[PDB]
$ cat protein.pdb   # PDB, N, CA and C atoms
MODEL        1
ATOM      1  N   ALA R   1     119.731  44.476  94.922  1.00  0.00           N
ATOM      2  CA  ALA R   1     119.393  45.277  96.127  1.00  0.00           C
ATOM      3  C   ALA R   1     118.761  46.610  95.741  1.00  0.00           C
ATOM      4  N   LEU R   2     117.867  47.098  96.596  1.00  0.00           N
ATOM      5  CA  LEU R   2     117.179  48.367  96.360  1.00  0.00           C
ATOM      6  C   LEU R   2     116.030  48.536  97.340  1.00  0.00           C
ATOM      7  N   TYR R   3     115.431  47.418  97.719  1.00  0.00           N
ATOM      8  CA  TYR R   3     114.322  47.415  98.654  1.00  0.00           C
ATOM      9  C   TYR R   3     114.665  48.167  99.936  1.00  0.00           C
ATOM     10  N   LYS R   4     115.943  48.477 100.117  1.00  0.00           N
ATOM     11  CA  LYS R   4     116.384  49.200 101.293  1.00  0.00           C
ATOM     12  C   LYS R   4     116.303  50.699 101.053  1.00  0.00           C
ATOM     13  N   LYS R   5     116.275  51.086  99.784  1.00  0.00           N
ATOM     14  CA  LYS R   5     116.157  52.486  99.428  1.00  0.00           C
ATOM     15  C   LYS R   5     114.700  52.899  99.577  1.00  0.00           C
ATOM     16  N   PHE R   6     113.793  52.046  99.101  1.00  0.00           N
ATOM     17  CA  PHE R   6     112.382  52.350  99.242  1.00  0.00           C
ATOM     18  C   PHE R   6     111.976  52.195 100.697  1.00  0.00           C
ATOM     19  N   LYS R   7     112.695  51.329 101.406  1.00  0.00           N
ATOM     20  CA  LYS R   7     112.446  51.108 102.816  1.00  0.00           C
ATOM     21  C   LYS R   7     112.815  52.358 103.586  1.00  0.00           C
ATOM     22  N   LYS R   8     113.815  53.072 103.079  1.00  0.00           N
ATOM     23  CA  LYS R   8     114.234  54.317 103.696  1.00  0.00           C
ATOM     24  C   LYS R   8     113.041  55.247 103.715  1.00  0.00           C
ATOM     25  N   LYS R   9     112.351  55.268 102.586  1.00  0.00           N
ATOM     26  CA  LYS R   9     111.154  56.073 102.457  1.00  0.00           C
ATOM     27  C   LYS R   9     110.078  55.547 103.394  1.00  0.00           C
ATOM     28  N   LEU R  10     110.195  54.278 103.774  1.00  0.00           N
ATOM     29  CA  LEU R  10     109.245  53.691 104.704  1.00  0.00           C
ATOM     30  C   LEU R  10     109.625  54.082 106.116  1.00  0.00           C
ATOM     31  N   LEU R  11     110.811  54.668 106.256  1.00  0.00           N
ATOM     32  CA  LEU R  11     111.266  55.120 107.550  1.00  0.00           C
ATOM     33  C   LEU R  11     110.536  56.403 107.877  1.00  0.00           C
ATOM     34  N   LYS R  12     110.527  57.308 106.908  1.00  0.00           N
ATOM     35  CA  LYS R  12     109.813  58.562 107.068  1.00  0.00           C
ATOM     36  C   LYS R  12     108.329  58.260 107.195  1.00  0.00           C
ATOM     37  N   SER R  13     107.892  57.218 106.490  1.00  0.00           N
ATOM     38  CA  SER R  13     106.504  56.810 106.537  1.00  0.00           C
ATOM     39  C   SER R  13     106.221  56.082 107.837  1.00  0.00           C
ATOM     40  N   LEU R  14     107.253  55.488 108.413  1.00  0.00           N
ATOM     41  CA  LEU R  14     107.086  54.786 109.668  1.00  0.00           C
ATOM     42  C   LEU R  14     106.738  55.782 110.764  1.00  0.00           C
ATOM     43  N   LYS R  15     107.228  57.008 110.611  1.00  0.00           N
ATOM     44  CA  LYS R  15     106.967  58.054 111.588  1.00  0.00           C
ATOM     45  C   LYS R  15     105.582  58.675 111.396  1.00  0.00           C
ATOM     46  N   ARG R  16     105.449  59.503 110.367  1.00  0.00           N
ATOM     47  CA  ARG R  16     104.192  60.196 110.088  1.00  0.00           C
ATOM     48  C   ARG R  16     103.267  59.409 109.151  1.00  0.00           C
ATOM     49  N   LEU R  17     103.675  58.210 108.746  1.00  0.00           N
ATOM     50  CA  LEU R  17     102.880  57.406 107.811  1.00  0.00           C
ATOM     51  C   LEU R  17     103.122  57.909 106.391  1.00  0.00           C
ATOM     52  N   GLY R  18     104.173  58.709 106.247  1.00  0.00           N
ATOM     53  CA  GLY R  18     104.528  59.259 104.950  1.00  0.00           C
ATOM     54  C   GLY R  18     103.890  60.610 104.697  1.00  0.00           C
TER      55      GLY R  18
ENDMDL
END

$ encode --input "protein.pdb" --output "structure tokens"
Amino acid sequence: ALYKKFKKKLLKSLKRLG
């Protein structure tokens, strides 16, 4: 598991695109 940690970063990116 880990893809959820980078996905977290995709959360911030989901908003402003990172």

$ atom_distance --input "protein.pdb" --atom1 "atom C of residue 15 (chain R)" --atom2 "atom N of residue 1 (chain R)"
25.9 Å

$ residues_around --input "protein.pdb" --residues "residue 9 (chain R)" --least-positions-apart "6" --cutoff "10 Å" --atoms "only C-alpha atoms" --output "MDAnalysis selection string"
chainID R and resid 3 17:18

$ write_last_selection --input "protein.pdb" --atoms "N, CA and C atoms" --output "PDB file, in the coordinates of the input"
ATOM      1  N   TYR R   3     115.431  47.418  97.719  1.00  0.00           N
ATOM      2  CA  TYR R   3     114.322  47.415  98.654  1.00  0.00           C
ATOM      3  C   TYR R   3     114.665  48.167  99.936  1.00  0.00           C
ATOM      4  N   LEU R  17     103.675  58.210 108.746  1.00  0.00           N
ATOM      5  CA  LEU R  17     102.880  57.406 107.811  1.00  0.00           C
ATOM      6  C   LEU R  17     103.122  57.909 106.391  1.00  0.00           C
ATOM      7  N   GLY R  18     104.173  58.709 106.247  1.00  0.00           N
ATOM      8  CA  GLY R  18     104.528  59.259 104.950  1.00  0.00           C
ATOM      9  C   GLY R  18     103.890  60.610 104.697  1.00  0.00           C
TER      10      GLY R  18
END

$ select_by_dssp --input "protein.pdb" --residues "chain R" --states "helix (DSSP H, G or I)" --output "list in words"
residues 3, 4, 5, 6, 7, 8, 9, 10, 11, 12, 13, 14, 15 and 16 of chain R

$ build_atoms --input "protein.pdb" --residues "chain R" --atoms "N, CA, C and O atoms" --output "PDB file, in the coordinates of the input"
ATOM      1  N   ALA R   1     119.731  44.476  94.922  1.00  0.00           N
ATOM      2  CA  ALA R   1     119.393  45.277  96.127  1.00  0.00           C
ATOM      3  C   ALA R   1     118.761  46.610  95.741  1.00  0.00           C
ATOM      4  O   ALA R   1     119.077  47.181  94.698  1.00  0.00           O
ATOM      5  N   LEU R   2     117.867  47.098  96.596  1.00  0.00           N
ATOM      6  CA  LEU R   2     117.179  48.367  96.360  1.00  0.00           C
ATOM      7  C   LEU R   2     116.030  48.536  97.340  1.00  0.00           C
ATOM      8  O   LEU R   2     115.697  49.646  97.747  1.00  0.00           O
ATOM      9  N   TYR R   3     115.431  47.418  97.719  1.00  0.00           N
ATOM     10  CA  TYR R   3     114.322  47.415  98.654  1.00  0.00           C
ATOM     11  C   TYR R   3     114.665  48.167  99.936  1.00  0.00           C
ATOM     12  O   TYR R   3     113.784  48.468 100.743  1.00  0.00           O
ATOM     13  N   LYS R   4     115.943  48.477 100.117  1.00  0.00           N
ATOM     14  CA  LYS R   4     116.384  49.200 101.293  1.00  0.00           C
ATOM     15  C   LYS R   4     116.303  50.699 101.053  1.00  0.00           C
ATOM     16  O   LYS R   4     116.233  51.487 101.996  1.00  0.00           O
ATOM     17  N   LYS R   5     116.275  51.086  99.784  1.00  0.00           N
ATOM     18  CA  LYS R   5     116.157  52.486  99.428  1.00  0.00           C
ATOM     19  C   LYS R   5     114.700  52.899  99.577  1.00  0.00           C
ATOM     20  O   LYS R   5     114.387  53.953 100.150  1.00  0.00           O
ATOM     21  N   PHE R   6     113.793  52.046  99.101  1.00  0.00           N
ATOM     22  CA  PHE R   6     112.382  52.350  99.242  1.00  0.00           C
ATOM     23  C   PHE R   6     111.976  52.195 100.697  1.00  0.00           C
ATOM     24  O   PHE R   6     111.065  52.870 101.177  1.00  0.00           O
ATOM     25  N   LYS R   7     112.695  51.329 101.406  1.00  0.00           N
ATOM     26  CA  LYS R   7     112.446  51.108 102.816  1.00  0.00           C
ATOM     27  C   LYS R   7     112.815  52.358 103.586  1.00  0.00           C
ATOM     28  O   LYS R   7     112.184  52.695 104.590  1.00  0.00           O
ATOM     29  N   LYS R   8     113.815  53.072 103.079  1.00  0.00           N
ATOM     30  CA  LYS R   8     114.234  54.317 103.696  1.00  0.00           C
ATOM     31  C   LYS R   8     113.041  55.247 103.715  1.00  0.00           C
ATOM     32  O   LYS R   8     112.726  55.892 104.722  1.00  0.00           O
ATOM     33  N   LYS R   9     112.351  55.268 102.586  1.00  0.00           N
ATOM     34  CA  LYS R   9     111.154  56.073 102.457  1.00  0.00           C
ATOM     35  C   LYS R   9     110.078  55.547 103.394  1.00  0.00           C
ATOM     36  O   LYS R   9     109.177  56.283 103.797  1.00  0.00           O
ATOM     37  N   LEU R  10     110.195  54.278 103.774  1.00  0.00           N
ATOM     38  CA  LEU R  10     109.245  53.691 104.704  1.00  0.00           C
ATOM     39  C   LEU R  10     109.625  54.082 106.116  1.00  0.00           C
ATOM     40  O   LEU R  10     108.856  53.889 107.058  1.00  0.00           O
ATOM     41  N   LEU R  11     110.811  54.668 106.256  1.00  0.00           N
ATOM     42  CA  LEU R  11     111.266  55.120 107.550  1.00  0.00           C
ATOM     43  C   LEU R  11     110.536  56.403 107.877  1.00  0.00           C
ATOM     44  O   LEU R  11     109.951  56.556 108.948  1.00  0.00           O
ATOM     45  N   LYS R  12     110.527  57.308 106.908  1.00  0.00           N
ATOM     46  CA  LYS R  12     109.813  58.562 107.068  1.00  0.00           C
ATOM     47  C   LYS R  12     108.329  58.260 107.195  1.00  0.00           C
ATOM     48  O   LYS R  12     107.600  58.938 107.927  1.00  0.00           O
ATOM     49  N   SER R  13     107.892  57.218 106.490  1.00  0.00           N
ATOM     50  CA  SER R  13     106.504  56.810 106.537  1.00  0.00           C
ATOM     51  C   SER R  13     106.221  56.082 107.837  1.00  0.00           C
ATOM     52  O   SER R  13     105.095  56.068 108.323  1.00  0.00           O
ATOM     53  N   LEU R  14     107.253  55.488 108.413  1.00  0.00           N
ATOM     54  CA  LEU R  14     107.086  54.786 109.668  1.00  0.00           C
ATOM     55  C   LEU R  14     106.738  55.782 110.764  1.00  0.00           C
ATOM     56  O   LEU R  14     106.043  55.450 111.724  1.00  0.00           O
ATOM     57  N   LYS R  15     107.228  57.008 110.611  1.00  0.00           N
ATOM     58  CA  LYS R  15     106.967  58.054 111.588  1.00  0.00           C
ATOM     59  C   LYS R  15     105.582  58.675 111.396  1.00  0.00           C
ATOM     60  O   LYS R  15     104.668  58.428 112.183  1.00  0.00           O
ATOM     61  N   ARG R  16     105.449  59.503 110.367  1.00  0.00           N
ATOM     62  CA  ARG R  16     104.192  60.196 110.088  1.00  0.00           C
ATOM     63  C   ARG R  16     103.267  59.409 109.151  1.00  0.00           C
ATOM     64  O   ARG R  16     102.211  59.910 108.763  1.00  0.00           O
ATOM     65  N   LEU R  17     103.675  58.210 108.746  1.00  0.00           N
ATOM     66  CA  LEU R  17     102.880  57.406 107.811  1.00  0.00           C
ATOM     67  C   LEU R  17     103.122  57.909 106.391  1.00  0.00           C
ATOM     68  O   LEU R  17     102.391  57.580 105.457  1.00  0.00           O
ATOM     69  N   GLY R  18     104.173  58.709 106.247  1.00  0.00           N
ATOM     70  CA  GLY R  18     104.528  59.259 104.950  1.00  0.00           C
ATOM     71  C   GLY R  18     103.890  60.610 104.697  1.00  0.00           C
ATOM     72  O   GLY R  18     104.572  61.558 104.312  1.00  0.00           O
TER      73      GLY R  18
END
